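start.cif (mmCIF, N, CA and C atoms) appears below.
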data_data
loop_
_atom_site.label_atom_id
_atom_site.label_comp_id
_atom_site.auth_asym_id
_atom_site.auth_seq_id
_atom_site.Cartn_x
_atom_site.Cartn_y
_atom_site.Cartn_z
N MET A 87 33.32 2.14 -7.92
CA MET A 87 33.15 0.89 -7.13
C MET A 87 32.93 1.21 -5.66
N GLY A 88 31.68 1.22 -5.24
CA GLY A 88 31.36 1.52 -3.85
C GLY A 88 30.16 2.42 -3.71
N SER A 89 29.73 2.64 -2.47
CA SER A 89 28.62 3.53 -2.16
C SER A 89 27.31 3.03 -2.76
N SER A 90 27.11 1.72 -2.74
CA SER A 90 25.88 1.12 -3.20
C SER A 90 25.60 -0.14 -2.40
N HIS A 91 25.35 0.04 -1.11
CA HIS A 91 25.10 -1.08 -0.21
C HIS A 91 23.71 -1.65 -0.46
N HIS A 92 22.80 -0.78 -0.88
CA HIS A 92 21.43 -1.16 -1.16
C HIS A 92 20.78 -0.11 -2.06
N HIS A 93 20.29 -0.55 -3.21
CA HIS A 93 19.73 0.35 -4.21
C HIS A 93 18.44 0.99 -3.69
N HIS A 94 17.66 0.22 -2.96
CA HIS A 94 16.45 0.74 -2.34
C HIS A 94 16.75 1.25 -0.94
N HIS A 95 16.65 2.55 -0.78
CA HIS A 95 16.94 3.18 0.50
C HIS A 95 15.65 3.68 1.15
N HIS A 96 15.66 3.75 2.47
CA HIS A 96 14.48 4.16 3.22
C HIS A 96 14.36 5.67 3.26
N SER A 97 13.83 6.23 2.18
CA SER A 97 13.57 7.66 2.10
C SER A 97 12.57 8.07 3.17
N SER A 98 13.05 8.79 4.17
CA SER A 98 12.20 9.23 5.26
C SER A 98 11.43 10.49 4.85
N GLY A 99 10.36 10.29 4.10
CA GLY A 99 9.54 11.40 3.67
C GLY A 99 8.52 11.78 4.72
N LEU A 100 7.50 10.95 4.88
CA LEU A 100 6.46 11.20 5.87
C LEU A 100 6.50 10.16 6.98
N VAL A 101 7.61 9.44 7.08
CA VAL A 101 7.78 8.47 8.15
C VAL A 101 7.77 9.17 9.52
N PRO A 102 8.63 10.19 9.74
CA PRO A 102 8.54 11.02 10.94
C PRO A 102 7.41 12.04 10.84
N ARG A 103 6.57 12.08 11.88
CA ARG A 103 5.41 12.98 11.96
C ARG A 103 4.62 13.06 10.65
N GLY A 104 4.28 11.90 10.10
CA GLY A 104 3.51 11.86 8.86
C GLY A 104 2.19 12.58 8.97
N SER A 105 1.55 12.43 10.12
CA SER A 105 0.32 13.16 10.44
C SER A 105 -0.80 12.86 9.46
N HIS A 106 -1.12 11.58 9.29
CA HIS A 106 -2.22 11.18 8.43
C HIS A 106 -3.54 11.24 9.19
N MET A 107 -3.44 11.16 10.53
CA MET A 107 -4.59 11.25 11.43
C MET A 107 -5.55 10.07 11.26
N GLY A 108 -6.39 10.12 10.23
CA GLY A 108 -7.37 9.08 10.02
C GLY A 108 -7.57 8.79 8.54
N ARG A 109 -8.76 8.35 8.18
CA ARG A 109 -9.05 8.02 6.79
C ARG A 109 -9.48 9.27 6.04
N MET A 110 -8.52 10.14 5.79
CA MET A 110 -8.74 11.32 4.98
C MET A 110 -7.57 11.46 4.04
N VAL A 111 -6.93 10.34 3.85
CA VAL A 111 -5.78 10.26 3.01
C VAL A 111 -5.74 8.88 2.36
N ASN A 112 -5.19 8.82 1.15
CA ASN A 112 -5.07 7.56 0.43
C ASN A 112 -4.09 6.64 1.15
N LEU A 113 -4.38 5.34 1.09
CA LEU A 113 -3.53 4.34 1.71
C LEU A 113 -2.16 4.34 1.03
N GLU A 114 -1.11 4.37 1.85
CA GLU A 114 0.24 4.58 1.38
C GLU A 114 1.12 4.50 2.61
N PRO A 115 2.42 4.18 2.52
CA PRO A 115 3.17 4.14 3.74
C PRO A 115 3.83 5.47 4.08
N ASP A 116 3.20 6.15 5.03
CA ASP A 116 3.85 6.91 6.07
C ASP A 116 3.54 6.12 7.32
N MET A 117 2.76 5.08 7.04
CA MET A 117 1.97 4.37 8.00
C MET A 117 2.77 3.30 8.72
N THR A 118 2.46 3.13 9.98
CA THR A 118 3.09 2.12 10.81
C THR A 118 2.02 1.31 11.51
N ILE A 119 1.72 0.16 10.93
CA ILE A 119 0.63 -0.66 11.38
C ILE A 119 1.07 -2.10 11.55
N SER A 120 0.20 -2.88 12.11
CA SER A 120 0.55 -4.23 12.49
C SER A 120 -0.34 -5.24 11.77
N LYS A 121 -0.11 -6.51 12.02
CA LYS A 121 -0.87 -7.58 11.37
C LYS A 121 -2.38 -7.38 11.56
N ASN A 122 -2.77 -6.96 12.74
CA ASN A 122 -4.18 -6.73 13.03
C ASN A 122 -4.61 -5.39 12.55
N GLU A 123 -3.68 -4.46 12.41
CA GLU A 123 -4.10 -3.16 12.06
C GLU A 123 -4.61 -3.16 10.66
N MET A 124 -4.01 -3.97 9.88
CA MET A 124 -4.47 -4.09 8.54
C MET A 124 -5.84 -4.71 8.53
N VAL A 125 -6.06 -5.60 9.48
CA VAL A 125 -7.31 -6.29 9.58
C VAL A 125 -8.45 -5.37 9.94
N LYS A 126 -8.14 -4.35 10.68
CA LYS A 126 -9.11 -3.33 10.95
C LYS A 126 -9.12 -2.29 9.86
N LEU A 127 -7.96 -2.06 9.27
CA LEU A 127 -7.80 -1.10 8.21
C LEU A 127 -8.62 -1.36 7.01
N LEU A 128 -8.67 -2.57 6.50
CA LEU A 128 -9.50 -2.75 5.34
C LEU A 128 -10.94 -2.35 5.70
N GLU A 129 -11.35 -2.69 6.91
CA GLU A 129 -12.66 -2.35 7.41
C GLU A 129 -12.73 -0.84 7.54
N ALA A 130 -11.57 -0.30 7.85
CA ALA A 130 -11.39 1.07 8.23
C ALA A 130 -11.16 1.94 7.00
N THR A 131 -11.01 1.29 5.86
CA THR A 131 -10.66 1.96 4.63
C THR A 131 -11.73 1.67 3.59
N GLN A 132 -12.72 0.92 4.04
CA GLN A 132 -13.84 0.47 3.22
C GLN A 132 -13.39 -0.51 2.14
N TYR A 133 -12.77 -1.57 2.59
CA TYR A 133 -12.27 -2.61 1.75
C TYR A 133 -12.33 -3.88 2.55
N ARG A 134 -12.56 -4.97 1.90
CA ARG A 134 -12.78 -6.20 2.57
C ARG A 134 -12.19 -7.31 1.73
N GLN A 135 -11.81 -8.42 2.35
CA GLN A 135 -11.18 -9.51 1.62
C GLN A 135 -11.90 -9.85 0.36
N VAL A 136 -11.13 -10.21 -0.62
CA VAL A 136 -11.66 -10.39 -1.91
C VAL A 136 -11.13 -11.66 -2.58
N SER A 137 -11.96 -12.22 -3.44
CA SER A 137 -11.59 -13.33 -4.29
C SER A 137 -10.42 -12.99 -5.18
N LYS A 138 -10.57 -11.87 -5.84
CA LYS A 138 -9.59 -11.39 -6.77
C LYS A 138 -9.75 -9.91 -6.91
N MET A 139 -8.74 -9.23 -6.50
CA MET A 139 -8.81 -7.82 -6.32
C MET A 139 -8.66 -7.10 -7.64
N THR A 140 -9.77 -6.65 -8.14
CA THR A 140 -9.74 -5.64 -9.15
C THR A 140 -11.06 -4.92 -9.16
N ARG A 141 -11.09 -3.84 -8.41
CA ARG A 141 -12.15 -2.86 -8.42
C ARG A 141 -11.57 -1.55 -7.97
N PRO A 142 -12.17 -0.42 -8.28
CA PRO A 142 -11.74 0.79 -7.61
C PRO A 142 -12.27 0.80 -6.19
N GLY A 143 -11.38 0.64 -5.23
CA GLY A 143 -11.76 0.78 -3.83
C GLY A 143 -12.04 -0.55 -3.12
N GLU A 144 -11.85 -1.68 -3.80
CA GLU A 144 -12.03 -2.99 -3.16
C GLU A 144 -10.81 -3.82 -3.42
N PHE A 145 -10.29 -4.44 -2.38
CA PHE A 145 -8.96 -5.02 -2.47
C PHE A 145 -8.96 -6.43 -1.91
N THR A 146 -7.84 -7.11 -1.99
CA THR A 146 -7.76 -8.46 -1.47
C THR A 146 -6.89 -8.53 -0.24
N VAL A 147 -7.33 -9.35 0.68
CA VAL A 147 -6.65 -9.54 1.95
C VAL A 147 -5.81 -10.82 1.96
N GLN A 148 -4.61 -10.73 2.54
CA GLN A 148 -3.75 -11.90 2.68
C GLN A 148 -3.34 -12.10 4.15
N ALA A 149 -2.25 -11.46 4.58
CA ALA A 149 -1.76 -11.62 5.96
C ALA A 149 -0.74 -10.54 6.32
N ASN A 150 0.53 -10.76 5.98
CA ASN A 150 1.57 -9.75 6.21
C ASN A 150 1.53 -8.73 5.12
N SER A 151 0.70 -8.97 4.15
CA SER A 151 0.50 -8.01 3.12
C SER A 151 -0.94 -8.06 2.63
N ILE A 152 -1.46 -6.91 2.29
CA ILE A 152 -2.73 -6.77 1.62
C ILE A 152 -2.44 -6.39 0.18
N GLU A 153 -3.43 -6.40 -0.67
CA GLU A 153 -3.26 -5.78 -1.95
C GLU A 153 -4.23 -4.64 -2.02
N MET A 154 -3.83 -3.49 -2.52
CA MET A 154 -4.76 -2.38 -2.60
C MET A 154 -4.73 -1.69 -3.96
N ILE A 155 -5.90 -1.60 -4.57
CA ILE A 155 -6.05 -0.86 -5.81
C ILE A 155 -5.77 0.62 -5.57
N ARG A 156 -4.92 1.19 -6.41
CA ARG A 156 -4.49 2.57 -6.27
C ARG A 156 -5.55 3.50 -6.86
N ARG A 157 -5.71 4.66 -6.23
CA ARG A 157 -6.65 5.68 -6.71
C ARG A 157 -6.45 5.95 -8.21
N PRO A 158 -7.47 5.63 -9.01
CA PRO A 158 -7.43 5.80 -10.47
C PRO A 158 -7.50 7.25 -10.90
N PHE A 159 -7.35 7.42 -12.19
CA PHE A 159 -7.53 8.69 -12.83
C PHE A 159 -9.02 9.00 -12.90
N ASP A 160 -9.40 10.05 -12.20
CA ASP A 160 -10.80 10.35 -12.01
C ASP A 160 -11.13 11.76 -12.45
N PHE A 161 -12.22 11.89 -13.16
CA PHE A 161 -12.73 13.18 -13.55
C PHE A 161 -14.10 13.40 -12.97
N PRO A 162 -14.56 14.63 -13.04
CA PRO A 162 -15.80 15.00 -12.47
C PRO A 162 -16.93 14.52 -13.31
N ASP A 163 -16.72 14.71 -14.58
CA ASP A 163 -17.72 14.43 -15.55
C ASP A 163 -17.58 13.01 -16.01
N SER A 164 -16.54 12.39 -15.53
CA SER A 164 -16.15 11.10 -16.07
C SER A 164 -15.19 10.36 -15.16
N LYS A 165 -15.37 9.07 -15.02
CA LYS A 165 -14.50 8.28 -14.17
C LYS A 165 -14.26 6.91 -14.72
N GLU A 166 -13.01 6.50 -14.61
CA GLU A 166 -12.56 5.30 -15.27
C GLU A 166 -11.15 4.95 -14.82
N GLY A 167 -10.57 3.98 -15.50
CA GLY A 167 -9.22 3.54 -15.18
C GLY A 167 -9.13 2.81 -13.86
N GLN A 168 -8.22 1.86 -13.77
CA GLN A 168 -7.90 1.24 -12.51
C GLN A 168 -6.44 0.79 -12.51
N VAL A 169 -5.84 0.87 -11.35
CA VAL A 169 -4.50 0.37 -11.10
C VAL A 169 -4.45 -0.17 -9.71
N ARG A 170 -3.67 -1.19 -9.49
CA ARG A 170 -3.56 -1.74 -8.17
C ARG A 170 -2.14 -1.91 -7.71
N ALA A 171 -1.99 -1.71 -6.43
CA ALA A 171 -0.72 -1.83 -5.77
C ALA A 171 -0.77 -2.96 -4.77
N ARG A 172 0.38 -3.42 -4.33
CA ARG A 172 0.42 -4.44 -3.31
C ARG A 172 0.97 -3.83 -2.07
N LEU A 173 0.23 -4.00 -1.02
CA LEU A 173 0.44 -3.26 0.18
C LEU A 173 0.88 -4.18 1.31
N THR A 174 2.11 -4.03 1.74
CA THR A 174 2.70 -4.97 2.67
C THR A 174 2.90 -4.36 4.03
N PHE A 175 2.84 -5.23 5.03
CA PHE A 175 2.99 -4.86 6.40
C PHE A 175 4.24 -5.49 7.02
N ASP A 176 5.20 -4.67 7.39
CA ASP A 176 6.42 -5.17 8.04
C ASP A 176 6.41 -4.87 9.53
N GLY A 177 6.14 -5.88 10.33
CA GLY A 177 6.27 -5.73 11.76
C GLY A 177 5.10 -5.02 12.39
N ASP A 178 5.37 -3.83 12.90
CA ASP A 178 4.36 -3.04 13.56
C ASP A 178 4.11 -1.84 12.70
N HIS A 179 4.71 -1.88 11.52
CA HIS A 179 4.58 -0.79 10.58
C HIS A 179 4.32 -1.27 9.18
N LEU A 180 3.82 -0.36 8.38
CA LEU A 180 3.58 -0.64 6.98
C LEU A 180 4.88 -0.79 6.25
N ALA A 181 4.96 -1.87 5.51
CA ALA A 181 6.15 -2.21 4.81
C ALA A 181 6.27 -1.41 3.53
N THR A 182 5.19 -1.42 2.76
CA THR A 182 5.17 -0.76 1.48
C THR A 182 3.83 -0.93 0.82
N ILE A 183 3.74 -0.30 -0.33
CA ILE A 183 2.63 -0.40 -1.23
C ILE A 183 3.21 -0.16 -2.60
N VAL A 184 2.93 -1.03 -3.54
CA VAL A 184 3.58 -0.93 -4.83
C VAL A 184 2.61 -1.08 -5.97
N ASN A 185 2.49 -0.05 -6.80
CA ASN A 185 1.69 -0.16 -8.01
C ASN A 185 2.26 -1.26 -8.86
N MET A 186 1.61 -2.39 -8.72
CA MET A 186 2.03 -3.68 -9.18
C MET A 186 2.38 -3.69 -10.63
N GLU A 187 1.77 -2.79 -11.33
CA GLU A 187 1.90 -2.72 -12.73
C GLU A 187 3.30 -2.35 -13.12
N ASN A 188 3.83 -1.40 -12.39
CA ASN A 188 5.17 -0.93 -12.64
C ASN A 188 6.13 -1.41 -11.56
N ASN A 189 5.58 -1.78 -10.40
CA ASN A 189 6.34 -2.37 -9.30
C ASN A 189 7.75 -1.79 -9.12
N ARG A 190 7.85 -0.46 -9.21
CA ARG A 190 9.14 0.22 -9.05
C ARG A 190 8.96 1.62 -8.47
N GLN A 191 7.82 2.25 -8.80
CA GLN A 191 7.54 3.63 -8.37
C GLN A 191 7.75 3.82 -6.88
N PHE A 192 7.05 3.04 -6.07
CA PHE A 192 7.32 3.02 -4.64
C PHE A 192 8.41 1.99 -4.36
N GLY A 193 7.98 0.74 -4.24
CA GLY A 193 8.90 -0.39 -4.21
C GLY A 193 9.78 -0.44 -2.98
N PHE A 194 9.45 -1.37 -2.10
CA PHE A 194 10.23 -1.59 -0.89
C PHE A 194 10.43 -3.08 -0.64
N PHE A 195 11.01 -3.42 0.50
CA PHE A 195 11.48 -4.78 0.75
C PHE A 195 10.35 -5.72 1.15
N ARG A 196 10.58 -7.00 0.87
CA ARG A 196 9.61 -8.06 1.15
C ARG A 196 9.59 -8.42 2.64
N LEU A 197 8.50 -9.04 3.06
CA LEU A 197 8.34 -9.50 4.43
C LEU A 197 9.11 -10.79 4.66
N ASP A 198 9.85 -10.84 5.75
CA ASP A 198 10.61 -12.03 6.11
C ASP A 198 9.70 -13.03 6.83
N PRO A 199 9.48 -14.21 6.22
CA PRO A 199 8.61 -15.24 6.79
C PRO A 199 9.13 -15.77 8.12
N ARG A 200 8.22 -16.11 9.01
CA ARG A 200 8.58 -16.63 10.32
C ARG A 200 8.13 -18.08 10.46
#
Write out the structure in this file as structure tokens.
Amino acid sequence: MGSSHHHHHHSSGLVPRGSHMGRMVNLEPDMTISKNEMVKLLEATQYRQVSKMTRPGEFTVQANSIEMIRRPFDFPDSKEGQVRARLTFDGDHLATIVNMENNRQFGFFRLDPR
């Protein structure tokens, strides 16, 4: 009984000195971005608001959160599969991104409405 204040803890993996630099890495949170940053990011990540997000590499835009399709299983001779995550923005930083299908692998806290 005890030592469980919150099941989801902020694992500081690439939060300090993540060093993603630019768009040479898959979208994921080591990232600390803002409401507008996402707005440039989809542009910056080659993704644009969508009716309904299901494509490899095309996602849907909302506000404090975007949705982003996760890099599928890809082969050289062959390419297929798709999975999508929901990508949230908390404050001036990226909140999370969650492969919606399993919604547990990453999994972080929701945005507090203002």
DSSP on the backbone, strand (DSSP E or B) only: what residues of chain A does that give? Format it as a PyMOL selection string. chain A and resi 141+144+146-147+151-156+160+165+169-176+179-185
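Restricting the calculation to only C-alpha atoms, the smallest distance between residue 186 (chain A) and any of A:128, A:139, A:147, A:107 is found for A:139.
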Nearest candidate to residue 177 (chain A) (options A:98, A:116, A:142, A:197; using all atoms listed in the file):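 Using all atoms listed in the file, the shortest distance to residue 177 (chain A) belongs to A:197.
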Apply the PyMOL selection byres ((chain A and resi 171) around 5) to the displayed file and report the matching residues as number ranges by chain. A: 153-156, 169-170, 172-173, 184-186
The residue from A:126, A:141, A:121, A:103 with the smallest atom-to-atom distance to residue 166 (chain A), counting only C-alpha atoms, is A:141
To one decimal in Å, tell me the separation between CA of residue 190 (chain A) and CA of residue 112 (chain A).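 CA of residue 190 (chain A) sits 18.6 Å away from CA of residue 112 (chain A).
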What gap, in Å, lies between CA of residue 123 (chain A) and CA of residue 93 (chain A)?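 It comes out at 29.1 Å.
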Nearest to residue 152 (chain A) among A:90, A:167, A:113, A:175, with distances taken over only N, CA and C atoms: which residue is it?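 With only N, CA and C atoms as the atom set, the closest residue is A:175.
If you look at CA of residue 160 (chain A) and atom C of residue 118 (chain A), they are 28.3 Å away from each other.
Comparing A:187, A:145, A:181, A:95 by their smallest distance to residue 119 (chain A), the closest is A:181 (using all atoms listed in the file).
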Sel. of alpha helix (DSSP H) residues, chain A, as a list in words: residues 121, 122, 123, 124, 125, 126, 127, 128, 129 and 130 of chain A
Taking all atoms of region 150-165 of chain A that the file lists, what box with edges along x, y and z, padded by 4 Å per side, do you get, with centre and edge lengths in Å to one decimal, as JSON?
{"center_x": -8.1, "center_y": 2.1, "center_z": -4.9, "size_x": 27.3, "size_y": 33.8, "size_z": 30.3}
Which residue, A:148, A:163, A:143, A:109, has the smallest gap to residue 130 (chain A) when you use only C-alpha atoms?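 When distances to residue 130 (chain A) are compared using only C-alpha atoms, the smallest one comes from A:109.
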Residues selected by the PyMOL selection byres (((chain A and resi 182 and name CA) around 9) and name CA), written as number ranges by chain: A: 114-115, 117, 151, 172-176, 180-181, 183-184, 192-196
Could you write those residues out with N, CA and C atoms, as a PDB file, in the frame of the given file?
ATOM      1  N   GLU A 114      -1.110   4.370   1.850  1.00  0.00           N
ATOM      2  CA  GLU A 114       0.240   4.580   1.380  1.00  0.00           C
ATOM      3  C   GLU A 114       1.120   4.500   2.610  1.00  0.00           C
ATOM      4  N   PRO A 115       2.420   4.180   2.520  1.00  0.00           N
ATOM      5  CA  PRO A 115       3.170   4.140   3.740  1.00  0.00           C
ATOM      6  C   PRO A 115       3.830   5.470   4.080  1.00  0.00           C
ATOM      7  N   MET A 117       2.760   5.080   7.040  1.00  0.00           N
ATOM      8  CA  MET A 117       1.970   4.370   8.000  1.00  0.00           C
ATOM      9  C   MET A 117       2.770   3.300   8.720  1.00  0.00           C
ATOM     10  N   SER A 151       0.700  -8.970   4.150  1.00  0.00           N
ATOM     11  CA  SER A 151       0.500  -8.010   3.120  1.00  0.00           C
ATOM     12  C   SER A 151      -0.940  -8.060   2.630  1.00  0.00           C
ATOM     13  N   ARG A 172       0.380  -3.420  -4.330  1.00  0.00           N
ATOM     14  CA  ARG A 172       0.420  -4.440  -3.310  1.00  0.00           C
ATOM     15  C   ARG A 172       0.970  -3.830  -2.070  1.00  0.00           C
ATOM     16  N   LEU A 173       0.230  -4.000  -1.020  1.00  0.00           N
ATOM     17  CA  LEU A 173       0.440  -3.260   0.180  1.00  0.00           C
ATOM     18  C   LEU A 173       0.880  -4.180   1.310  1.00  0.00           C
ATOM     19  N   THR A 174       2.110  -4.030   1.740  1.00  0.00           N
ATOM     20  CA  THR A 174       2.700  -4.970   2.670  1.00  0.00           C
ATOM     21  C   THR A 174       2.900  -4.360   4.030  1.00  0.00           C
ATOM     22  N   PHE A 175       2.840  -5.230   5.030  1.00  0.00           N
ATOM     23  CA  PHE A 175       2.990  -4.860   6.400  1.00  0.00           C
ATOM     24  C   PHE A 175       4.240  -5.490   7.020  1.00  0.00           C
ATOM     25  N   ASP A 176       5.200  -4.670   7.390  1.00  0.00           N
ATOM     26  CA  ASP A 176       6.420  -5.170   8.040  1.00  0.00           C
ATOM     27  C   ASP A 176       6.410  -4.870   9.530  1.00  0.00           C
ATOM     28  N   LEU A 180       3.820  -0.360   8.380  1.00  0.00           N
ATOM     29  CA  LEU A 180       3.580  -0.640   6.980  1.00  0.00           C
ATOM     30  C   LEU A 180       4.880  -0.790   6.250  1.00  0.00           C
ATOM     31  N   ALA A 181       4.960  -1.870   5.510  1.00  0.00           N
ATOM     32  CA  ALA A 181       6.150  -2.210   4.810  1.00  0.00           C
ATOM     33  C   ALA A 181       6.270  -1.410   3.530  1.00  0.00           C
ATOM     34  N   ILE A 183       3.740  -0.300  -0.330  1.00  0.00           N
ATOM     35  CA  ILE A 183       2.630  -0.400  -1.230  1.00  0.00           C
ATOM     36  C   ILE A 183       3.210  -0.160  -2.600  1.00  0.00           C
ATOM     37  N   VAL A 184       2.930  -1.030  -3.540  1.00  0.00           N
ATOM     38  CA  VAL A 184       3.580  -0.930  -4.830  1.00  0.00           C
ATOM     39  C   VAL A 184       2.610  -1.080  -5.970  1.00  0.00           C
ATOM     40  N   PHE A 192       7.050   3.040  -6.070  1.00  0.00           N
ATOM     41  CA  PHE A 192       7.320   3.020  -4.640  1.00  0.00           C
ATOM     42  C   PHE A 192       8.410   1.990  -4.360  1.00  0.00           C
ATOM     43  N   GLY A 193       7.980   0.740  -4.240  1.00  0.00           N
ATOM     44  CA  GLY A 193       8.900  -0.390  -4.210  1.00  0.00           C
ATOM     45  C   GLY A 193       9.780  -0.440  -2.980  1.00  0.00           C
ATOM     46  N   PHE A 194       9.450  -1.370  -2.100  1.00  0.00           N
ATOM     47  CA  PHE A 194      10.230  -1.590  -0.890  1.00  0.00           C
ATOM     48  C   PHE A 194      10.430  -3.080  -0.640  1.00  0.00           C
ATOM     49  N   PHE A 195      11.010  -3.420   0.500  1.00  0.00           N
ATOM     50  CA  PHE A 195      11.480  -4.780   0.750  1.00  0.00           C
ATOM     51  C   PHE A 195      10.350  -5.720   1.150  1.00  0.00           C
ATOM     52  N   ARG A 196      10.580  -7.000   0.870  1.00  0.00           N
ATOM     53  CA  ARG A 196       9.610  -8.060   1.150  1.00  0.00           C
ATOM     54  C   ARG A 196       9.590  -8.420   2.640  1.00  0.00           C
TER      55      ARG A 196
END
